[PDB]
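Asks: Mind having a look at this structure? Questions to follow.
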Amino acid sequence: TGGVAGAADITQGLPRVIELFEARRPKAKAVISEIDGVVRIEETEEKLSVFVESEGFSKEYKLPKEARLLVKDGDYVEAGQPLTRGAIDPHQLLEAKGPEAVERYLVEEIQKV
Ligand SMILES: [Mg+2]
Ligand SMILES: [Mg+2]
Ligand SMILES: [Mg+2]
Ligand SMILES: [Mg+2]
Ligand SMILES: [Mg+2]
Ligand SMILES: [Mg+2]
Ligand SMILES: [Mg+2]
Ligand SMILES: [Mg+2]
Ligand SMILES: [Mg+2]
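Next comes the structure, spelled out in structure tokens:
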């Protein structure tokens, strides 16, 4: 779905149902949180950046210009939670929140349509 132009973010109709049954890398993906911790954001001109961290560790996340961020400087983000806005890659959610997560995401993301 969609077409390469400026910022076309999601995928509707059957096109999507295809992108869902067939595990695929959405056009406008959403970087998930491999780590369940707290949020931190930065200012510099070119690229934004969201950092998740626990008393254990922190992870750097590259969020280029188009990425509209759902999360804010401050609260917790469970593993595989949406840190970018839009679509998620099942494989990633598989690795992050688990199978049960992907499974549960697939079903519900499909019925959405
Ligand atoms: Mg545009
Ligand atoms: Mg759209
Ligand atoms: Mg549309
Ligand atoms: Mg403490
Ligand atoms: Mg990176
Ligand atoms: Mg808020
Ligand atoms: Mg609050
Ligand atoms: Mg488990
Ligand atoms: Mg749900």
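Counting along the sequence shown from 1, when you hit position 53 you're at 1295 in the deposited numbering, and nothing is skipped either side.
Built from N, CA and C at the ideal position, the CB exists for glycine as well.
Does the separation of the CB atoms of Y1347 and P1324 fall below 8 Å?
Replies: No, Cβ-Cβ distance for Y1347 and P1324 is not below 8 Å.
Asks: If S1275 sits next to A1338, beta carbons under 8 Å apart, how far is it from one beta carbon to the other, in whole angstroms?
Replies: Going by Cβ atoms, the distance from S1275 to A1338 rounds to 7 Å, so yes, they are a contact pair.
Asks: Could you pull out every residue in the same chain whose Cβ sits closer than 7 Å to the Cβ of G1244, ignoring the five residues on either side in sequence?
Replies: Excluding residues within five positions, the ones whose Cβ falls inside 7 Å are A1250, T1253 and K1269.
Asks: Over what stretch of residues does the alpha helix (DSSP H) that includes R1346 continue unbroken?
Replies: Unbroken alpha helix (DSSP H) run through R1346: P1341 to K1354.
Asks: Tell me the DSSP bridge mates of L1311?
Replies: None, per the DSSP bridge assignment.
Asks: DSSP beta-bridge partners for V1319?
Replies: Paired residues: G1279.
Asks: Quick check on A1343: buried or exposed, where buried means 16 or more other Cβ atoms within 10 Å of its Cβ?
Replies: The residue in question, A1343, is buried, as its Cβ has 16 or more Cβ neighbours within 10 Å.
Asks: For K1304, is the beta carbon positioned less than 7 Å from some heavy atom of ligand 5?
Replies: Correct: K1304 has its Cβ closer than 7 Å to ligand 5.
Asks: Can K1339 be considered in contact with ligand 6, in the sense that its beta carbon sits closer than 7 Å to one or more heavy atoms?
Replies: Result no, Cβ not under 7 Å from ligand 6.
Asks: Closest to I1277 by C-alpha separation, out of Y1303, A1321, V1246 and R1310, would be which residue?
Replies: Nearest option by C-alpha distance: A1321.
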